[PDB]
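Visitor:
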Amino acid sequence: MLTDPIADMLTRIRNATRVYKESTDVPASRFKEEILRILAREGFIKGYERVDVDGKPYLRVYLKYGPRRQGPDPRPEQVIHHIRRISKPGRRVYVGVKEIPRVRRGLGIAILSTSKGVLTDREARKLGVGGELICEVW
Amino acid sequence: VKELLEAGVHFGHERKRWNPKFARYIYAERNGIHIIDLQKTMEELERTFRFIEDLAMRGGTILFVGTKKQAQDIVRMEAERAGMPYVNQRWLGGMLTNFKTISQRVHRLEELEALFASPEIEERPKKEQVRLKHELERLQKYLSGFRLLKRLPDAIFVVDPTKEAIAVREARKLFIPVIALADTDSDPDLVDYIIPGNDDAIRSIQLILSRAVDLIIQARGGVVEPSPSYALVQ
Amino acid sequence: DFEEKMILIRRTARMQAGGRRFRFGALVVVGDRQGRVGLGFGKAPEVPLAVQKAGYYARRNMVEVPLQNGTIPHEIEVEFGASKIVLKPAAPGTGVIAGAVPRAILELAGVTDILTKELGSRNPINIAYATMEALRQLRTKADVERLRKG
RNA sequence: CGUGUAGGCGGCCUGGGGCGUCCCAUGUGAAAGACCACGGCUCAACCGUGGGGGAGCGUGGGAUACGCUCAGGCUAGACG
RNA sequence: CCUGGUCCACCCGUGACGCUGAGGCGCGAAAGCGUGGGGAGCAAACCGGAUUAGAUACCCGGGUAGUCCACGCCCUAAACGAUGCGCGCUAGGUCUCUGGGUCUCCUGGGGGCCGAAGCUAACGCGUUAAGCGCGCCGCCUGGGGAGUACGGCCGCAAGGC
Ligand SMILES: [Mg+2]
Ligand SMILES: [Mg+2]
Ligand SMILES: [Mg+2]
Ligand SMILES: [Mg+2]
Ligand SMILES: [Mg+2]
Ligand SMILES: [Mg+2]
Ligand SMILES: [Mg+2]
Ligand SMILES: [Mg+2]
Ligand SMILES: [Mg+2]
Ligand SMILES: [Mg+2]
Ligand SMILES: [Mg+2]
Ligand SMILES: [Mg+2]
Ligand SMILES: [Mg+2]
Ligand SMILES: [Mg+2]
Ligand SMILES: [Mg+2]
Ligand SMILES: [Mg+2]
Ligand SMILES: [Mg+2]
Ligand SMILES: [Mg+2]
Ligand SMILES: [Mg+2]
Ligand SMILES: [Mg+2]
Ligand SMILES: [Mg+2]
Ligand SMILES: [Mg+2]
Ligand SMILES: [Mg+2]
Ligand SMILES: [Mg+2]
Ligand SMILES: [Mg+2]
Ligand SMILES: [Mg+2]
Ligand SMILES: [Mg+2]
Ligand SMILES: [Mg+2]
Ligand SMILES: [Mg+2]
Ligand SMILES: [Mg+2]
Ligand SMILES: [Mg+2]
Ligand SMILES: [Mg+2]
Ligand SMILES: [Mg+2]
Ligand SMILES: [Mg+2]
Ligand SMILES: [Mg+2]
Ligand SMILES: [Mg+2]
Ligand SMILES: [Mg+2]
Ligand SMILES: [Mg+2]
Ligand SMILES: [Mg+2]
Ligand SMILES: [Mg+2]
Ligand SMILES: [Mg+2]
Ligand SMILES: [Mg+2]
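Following this line, the structure appears as structure tokens:
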């Protein structure tokens, strides 16, 4: 019945990607799109858009992959080699402004929910705030 | 000129024993068989020959291979009729990948090709006269098209890839542009320049292989008539 | 020709009527020291032969270690079979803190400062191939966004 | 192996409260020790002086994405 | 005859009423036990006969409790897929049981084989996951000592936890 919808979205994404798919449709969720917007506003996916599978509103999420490769396993590298939820329903993960993560020595990101919106490992830091460490991509 | 030819009788092949990857190249399933989408075929043919042409004009050798009977003979033709090496018999293992060592035999070929015409034939017992002569029959039986250039190919063209995927592999580990005419019973991905279309009916094979060699020559000078295609072609 | 320092050498054995027959495995590393390292494991009837082959096989298998200031571009954990391994870049003038293996490989890698640790099985061979895939998976801020162009 | 109590966890949308959570300010956090300088005994060991950091907890002001909660609605879960 | 669960179709109703589940309660092969009944065949034990150095066995001839039924106990197991339950996501091919349709086909439920990606120490697994994920329970922490001892709880006992 889906306990944590968000962790799912990531997984749906983490799977569709691992096979190289055009787009994936994660179920409608304002807060979800946020992690999406951010996910794109940071250039991890071509983008997304609302749809409806018979009164069932989902969200097309277009995946971005790399260039074809030379040699065996000519499988194109991916934009997202790793996404994993942090704060889980079975163990909420909160962090203070000084506690925010440093994802992949800076190359990475760390979406998170804050009292004043949904920011990232830099944004939130710049805003100098804190909140539920939603997760981390890179 | 193109379309018509193909639309003629050179598309749609293997049925219900496909590969989902190759789902991007296919129009529908008529009475069972998978009817490949020629519309797209064409597009691919382009990029492919583009490459061929962008190579046939820069002094580059190509290696053709086809170890299947319903496509042997022809491949033997189009190759000699272009000076491009090729493989019609048993594609030895480790050719490209163990060239230096396979070559060793090519050298053994001439080793005999020379002792063939010589006064040393006056002697030598019947034991060897048969041994060597035979040792050559086969020797000559496999390298008839794998000699020409004592240097790896800059690429390789092929009929049914999966049928000879082993060659393909070798090619891929050594980084060597892979081009080939594959049908629905094969996986694109590991194929660089994909010519989607029937791999068994010599009808399609001849055509796609034909206009290929010509194109190889159009970039060399000497445009002529086609090669011996019919002799028992249905 | 590079540095060419061999990780480990051993004497495996096989059984057969009358007795056991031997062979030798040599694992070698070959790096220039500018970002090129190769890992070749050579096996053959005799130490020397083994050694050499390791080198040969090695050169034939190398990788562009994207160094930076003398250390790695970022932190990385790589599980390879039973073995696992961590790689953390340390500020200049730190040291190459790792076990015999990741070192020998990372020394020639060109890195001069890097923090490490072998996890799970400490088997050479495997940690070896483990280290490789580690490096072979590194990124720079460039080739990073170089991917997120759009 | 099953049924199920406590407990743990919980779909989508709109609004009120603001306990969790987060920010600011202020009190507190003895000295000694720990870290940074600088000096005192020939050096050091000891020692002096100044600086810098301390989770936690109280009070005052504020934020509301997420968990909580109350309230109104929905039909993809569940039941008929 | 009485009765449980489960599957499909129709978009009709409720409107998050859900998942899990310490303890608890129930069920729980065979063997075994209690009261009463039944008893052909088979058959621990037992007695003969062979075999053998011996043969408290394997083979042969006999043979009781038991195996059966009613009611009540015992509650273990290679109680095994040796794989906790629930939900979501990730190529296909093949044959097979069962349901529906403007029925060479499409679509739903279950059981097998082969296998994408991926996982694995390997064997193998692979939309019936051992893949990628979340919730909750159970449990593990070198071998022998020992599933033994003691204590407690249960049982008529054998014993069990
Ligand atoms: Mg022998
Ligand atoms: Mg690079
Ligand atoms: Mg492995
Ligand atoms: Mg592991
Ligand atoms: Mg160990
Ligand atoms: Mg239950
Ligand atoms: Mg509850
Ligand atoms: Mg509060
Ligand atoms: Mg707090
Ligand atoms: Mg203070
Ligand atoms: Mg103090
Ligand atoms: Mg002094
Ligand atoms: Mg002081
Ligand atoms: Mg503070
Ligand atoms: Mg409600
Ligand atoms: Mg019924
Ligand atoms: Mg309704
Ligand atoms: Mg209503
Ligand atoms: Mg029983
Ligand atoms: Mg019984
Ligand atoms: Mg008894
Ligand atoms: Mg009897
Ligand atoms: Mg008997
Ligand atoms: Mg006797
Ligand atoms: Mg005896
Ligand atoms: Mg009974
Ligand atoms: Mg009972
Ligand atoms: Mg047992
Ligand atoms: Mg079983
Ligand atoms: Mg099925
Ligand atoms: Mg069955
Ligand atoms: Mg595989
Ligand atoms: Mg399998
Ligand atoms: Mg599915
Ligand atoms: Mg299947
Ligand atoms: Mg497992
Ligand atoms: Mg359970
Ligand atoms: Mg012990
Ligand atoms: Mg012990
Ligand atoms: Mg006791
Ligand atoms: Mg008693
Ligand atoms: Mg009794």
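Protein chains in written order, with the entry's author numbering: chain AH, 1 to 138; chain AB, 7 to 240; chain AE, 5 to 154. We treat Cβ as the ideally placed atom computed from N, Cα and C, and that holds for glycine.
Rounded to whole angstroms, how far is the Cβ of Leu12/AE from the Cβ of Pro77/AE, which I believe are closer than 8 angstroms?
Guide: For this step, residue 12/AE is matched to residue 8 along the third sequence. For this step, residue 77/AE is matched to residue 73 along the third sequence. Rounded, the Cβ-Cβ distance is 28 angstroms, inconsistent with contact.
Visitor: Helix, strand or coil: which one does DSSP assign to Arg24/AE?
Guide: Here residue 24/AE refers to the residue found at position 20 of the third sequence. The answer is strand: DSSP assigns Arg24/AE an E or B state.
Visitor: Work out the CA separation of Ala30/AE and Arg14/AE for me, nearest whole Å.
Guide: Numbered from 1 along the third sequence, position 10 holds the residue referred to as residue 14/AE. Numbered from 1 along the third sequence, position 26 holds the residue referred to as residue 30/AE. Going by the C-alpha atoms only, they are around 7 angstroms apart.
Visitor: With H, G and I counted as helix, E and B as strand and the rest as coil, what does DSSP make of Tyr31/AB?
Guide: Here residue 31/AB is taken as the residue at index 25 of the second sequence, counted from 1. Correct three-state label for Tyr31/AB: coil.
Visitor: Please confirm whether any heavy atom of ligand 4 lies closer than 7 angstroms to the CB of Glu122/AE.
Guide: Start at 1 with the first residue of the third sequence, and residue 122/AE comes out as number 118. No - ligand 4 has no heavy atom lying nearer than 7 angstroms to the Cβ of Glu122/AE.
Visitor: Looking at the C-beta of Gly128/AH, does it have a partner C-beta in chain AE at a distance below 8 angstroms?
Guide: Numbered from 1 along the first sequence, position 128 holds the residue referred to as residue 128/AH. So, not an interface residue.
Visitor: Can you pull out the residues from the stretch 68-87 of chain AH whose beta carbon lies closer than 9 angstroms to at least one beta carbon of chain AB?
Guide: Listed by position, the residues of the stretch 68-87 of chain AH near chain AB (Cβ gap below 9 angstroms) are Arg68, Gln70, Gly71, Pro72, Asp73, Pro74 and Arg75.
Visitor: Do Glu111/AE and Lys92/AE have their C-beta atoms closer together than 8 angstroms?
Guide: The residue labelled residue 111/AE in the question sits at position 107 within the third sequence. The residue labelled residue 92/AE in the question sits at position 88 within the third sequence. Cβ distance not < 8 angstroms, so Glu111/AE and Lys92/AE don't count as in contact.
Visitor: Quick one: Cα of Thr3/AH to Cα of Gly90/AH, how far?
Guide: Working through the first sequence from its first residue, we reach residue 3/AH at position 3. Working through the first sequence from its first residue, we reach residue 90/AH at position 90. Going from the Cα of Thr3/AH to the Cα of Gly90/AH covers about 10 angstroms.
Visitor: Could you check whether the Cβ of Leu102/AB sits closer than 8 angstroms to any Cβ belonging to chain AH?
Guide: Taking the second sequence and counting its residues from 1, the one referred to as residue 102/AB is at position 96. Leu102/AB does not count as touching chain AH.
Visitor: On the criterion of 16 or more Cβ atoms from any shown chain inside 10 Å, does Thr24/AH qualify as buried, or is it exposed?
Guide: The residue you call residue 24/AH lines up with position 24 of the first sequence. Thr24/AH should be labelled buried.
Visitor: Would you say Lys106/AB faces chain AH, with C-beta separation under 8 angstroms as the test?
Guide: Translated into positions along the second sequence, residue 106/AB becomes position 100. No, its Cβ sits nowhere closer than 8 angstroms to a Cβ of chain AH.
Visitor: Applying the criterion that 16 or more other CB atoms from any shown protein chain within 10 Å of the CB defines a buried residue, is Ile127/AB buried or exposed?
Guide: Counted from its first residue, the second sequence places residue 127/AB at position 121. When all chains shown are included, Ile127/AB counts as exposed.
Visitor: Looking at the secondary structure, which residues open and close the beta strand (DSSP E) in which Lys88/AE lies?
Guide: The residue you call residue 88/AE lines up with position 84 of the third sequence. Note, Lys88/AE: beta strand (DSSP E), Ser87 to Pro93.
Visitor: Among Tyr20/AH, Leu36/AH and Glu22/AH, which has the Cα closest to the Cα of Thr120/AH?
Guide: The residue given as residue 120/AH occupies position 120 in the first sequence. Of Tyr20/AH, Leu36/AH and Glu22/AH, the residue nearest in Cα terms is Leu36/AH.
Visitor: In three-state DSSP terms, what is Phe163/AB?
Guide: If you number the second sequence from 1, residue 163/AB lands on position 157. DSSP places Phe163/AB in strand when its eight states are reduced to three.
Visitor: Check the Cβ-Cβ distances between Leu107/AH and every residue of chain AE, and say whether any is below 8 angstroms.
Guide: In the first sequence, the residue the question calls residue 107/AH occupies position 107. With 8 angstroms as the cut-off, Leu107/AH counts as an interface residue toward chain AE.
Visitor: Quick check: the stretch 55-64 of chain AE against the stretch 34-47 of chain AE, are there 3 or more CB pairs under 8 angstroms?
Guide: A contact exists between the stretch 55-64 of chain AE and the stretch 34-47 of chain AE.
Visitor: What residues in its chain sit with their C-beta under 6 angstroms from that of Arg12/AH, if we drop five residues either side in the sequence?
Guide: Mapped onto the first sequence, residue 12/AH falls at position 12. Once the five neighbours on either side are set aside, the close Cβ partners of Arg12/AH are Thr24 and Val26.
Visitor: Is the distance from the Cβ of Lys156/AB to the Cβ of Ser109/AB below 8 angstroms?
Guide: One-based indexing of the second sequence puts residue 156/AB at position 150. One-based indexing of the second sequence puts residue 109/AB at position 103. Cβ distance < 8 angstroms, so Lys156/AB and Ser109/AB count as in contact.
Visitor: Quick check: is the beta carbon of residue 167/AE nearer than 8 angstroms to any beta carbon in chain AH?
Guide: Residue 167/AE lies beyond the stretch modelled for chain AE, which goes from 5 to 154, so this question has no answer here.
Visitor: Compare the Cα-Cα distances from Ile200/AB to each of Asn25/AB, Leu51/AB and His40/AB and report the closest residue.
Guide: Counting from 1 along the second sequence, the entry for residue 200/AB is found at position 194. Here the closest residue by C-alpha is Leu51/AB.
Visitor: Roughly how many angstroms lie between the CA atoms of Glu143/AB and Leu98/AB, to the nearest whole one?
Guide: Here residue 143/AB is taken as the residue at index 137 of the second sequence, counted from 1. Here residue 98/AB is taken as the residue at index 92 of the second sequence, counted from 1. So the alpha carbons of these two residues sit roughly 16 angstroms apart.
Visitor: Which partner residues does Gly46/AE have in the DSSP bridge list?
Guide: Position 42 of the third sequence, counting from 1, holds the residue named residue 46/AE. The partner list for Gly46/AE (beta bridge, DSSP) reads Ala30/AE.
Visitor: Are at least three pairs of beta-carbons, each pair with one atom in the stretch 119-133 of chain AH and one in the stretch 28-47 of chain AB, less than 8 angstroms apart?
Guide: Segments in contact, no.
Visitor: Any chance you could list the alpha helix (DSSP H) runs of at least 4 consecutive residues sitting entirely within the stretch 63-144 of chain AE, in chain order?
Guide: The stretch 63-144 of chain AE contains these whole alpha helix (DSSP H) runs: 104-113 and 128-139.
Visitor: Hey, does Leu119/AE have any beta-carbon neighbour from chain AH nearer than 8 angstroms?
Guide: The residue labelled residue 119/AE in the question sits at position 115 within the third sequence. With 8 angstroms as the cut-off, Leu119/AE does not count as an interface residue toward chain AH.
Visitor: According to DSSP, simplified to helix, strand and coil, what is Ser23/AH?
Guide: The residue labelled residue 23/AH in the question sits at position 23 within the first sequence. Here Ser23/AH sits in strand by DSSP.
Visitor: Exposed or buried, which one is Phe152/AB when buried takes at least 16 other CB atoms within 10 Å?
Guide: The count along the second sequence starts at 1 and reaches residue 152/AB at position 146. The residue is buried, with at least 16 neighbouring Cβ atoms inside 10 Å.
Visitor: Could you check whether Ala173/AB and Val165/AB sit closer than 8 angstroms to each other, using their CB atoms as the reference points?
Guide: Mapped onto the second sequence, residue 165/AB falls at position 159. Mapped onto the second sequence, residue 173/AB falls at position 167. Cβ distance not < 8 angstroms, so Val165/AB and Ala173/AB don't count as in contact.
Visitor: Under 7 angstroms Cβ to Cβ from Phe55/AB, same chain only, skipping five residues before and after it: list those, please.
Guide: For the purposes of this step, residue 55/AB is identified with residue 49 of the second sequence, where counting begins at 1. If we look at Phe55/AB and ignore the five residues flanking it on each side, its Cβ neighbours are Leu221.
Visitor: What residues from chain AH crowd round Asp195/AB, counting only those whose CB sits closer than 8 angstroms?
Guide: Here the question's residue 195/AB lines up with position 189 in the second sequence. By Cβ distance, chain AH contributes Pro74 and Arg75.
Visitor: What is the DSSP secondary structure of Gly47/AH, counted as helix, strand or coil?
Guide: Counting from one through the first sequence, the residue named residue 47/AH turns up at place 47. In this structure, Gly47/AH counts as strand in the three-state DSSP scheme.
Visitor: In chain order, which continuous runs of the alpha helix (DSSP H) of length 4 or greater are located wholly inside the stretch 96-136 of chain AB?
Guide: List check, alpha helix (DSSP H) in window: 105-122.
Visitor: Since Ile118/AE contacts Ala94/AE with CB under 8 angstroms, what's their CB separation in whole angstroms?
Guide: Within the third sequence, numbered from 1, the residue matching residue 118/AE stands at position 114. Within the third sequence, numbered from 1, the residue matching residue 94/AE stands at position 90. Yes, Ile118/AE and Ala94/AE are in contact; Cβ-Cβ is about 6 angstroms, under 8 angstroms.
Visitor: Helix or strand or just coil, what does DSSP make of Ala186/AB?
Guide: Translated into positions along the second sequence, residue 186/AB becomes position 180. It is a strand residue.
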